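Consider the single chain below, provided in structure tokens and representing the form deposited without its partner chain.
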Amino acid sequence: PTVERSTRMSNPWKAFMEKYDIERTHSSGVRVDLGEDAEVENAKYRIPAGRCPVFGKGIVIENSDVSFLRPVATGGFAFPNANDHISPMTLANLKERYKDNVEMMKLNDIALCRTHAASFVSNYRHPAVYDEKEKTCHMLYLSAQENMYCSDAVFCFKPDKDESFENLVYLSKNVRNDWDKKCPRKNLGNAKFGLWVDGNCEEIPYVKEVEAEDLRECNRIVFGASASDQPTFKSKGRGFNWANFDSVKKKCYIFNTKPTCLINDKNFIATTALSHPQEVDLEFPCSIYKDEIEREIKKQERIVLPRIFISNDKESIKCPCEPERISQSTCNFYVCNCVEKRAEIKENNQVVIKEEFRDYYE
């Protein structure tokens, strides 16, 4: 009856974190999304391409008071004239129009808005804004998101997040219908993003630190700093997309490397450029570590314990020494600091196998 440590280098956050891999899941600009090309007759144009909704984004028109959701002066960015019969359209009106379509009736409200907007005729399809407070779908006739120096005689505008846009959802024609499982929306309370380094979630060493008065402002800053397809290129979703908000220090730490786990810390909220400006879920998944450890022990003599060195059950880790209690932790997590680490974080926030172990891991 032996117990031993696994050599297998896992990560129990794998499934939980896929949605935060913005490069892989969204794959286009966030602050400005112009990720695809489309031609109308002969004429190459750029259009929004991201696969995730961007919560709380809108377009500010400089030195103007017209909302971008106003129909274009046949004004804002929205579809004009029509009869009001294609845009704007209420959820009720959308549900009316598409009532005998079994598949369109299965879509959630955002996806139904997106699908409607994207159906109108090239692979040139129009982006939409769904106002979740008014339950109203707006098709955007103008796909430009920024014209900013601004060198009144010039039409200046930029994307932004602020309170008047907080219920808005900016939708490209590519947005996934299952965005709710695959994309960011809510902010993660009692958590900061981190990097998984052989059995514990570690701080991201290279970040940009910024003053922020509240979550809204931190989510606005990261939005501002986020992947952008705007000419000076296709970002492909690469960018400073993620931020940790220190609720107590009133600081925003932004970074450009995708996170691979969460650190349970009562002082922080984890937000992203896509995420809602305000919604916060305070319930950390405390049981993530104990679950994998227990699941593995139910593999089978030889007990082989995972390389998981943090848990809410201090004995399950089988620490060589006394596990440290993490005081910042709402989960009352314990960490085993006194173990053999096979990975370390190096420049540009890259997690690498330590030298002494490289040959073994191939």
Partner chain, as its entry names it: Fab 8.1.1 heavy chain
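Numbering follows the first chain given and starts at 1.
Another form, the form deposited with its partner chain bound, is not on view; read the next lines as being about it.
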Though its partner chain is not shown, can you say which of 70, 46, 51, 314 has a heavy atom within 4.5 Å of it in the deposited complex? 314
35, 58, 323, 306 - the one with a heavy atom within 4.5 Å of its partner chain in the deposited complex: 323
Hey, of 289-297, 26-34, 59-67, 324-332, which bit sits against its partner chain in the deposited complex at 4.5 Å between non-hydrogen atoms? 324-332
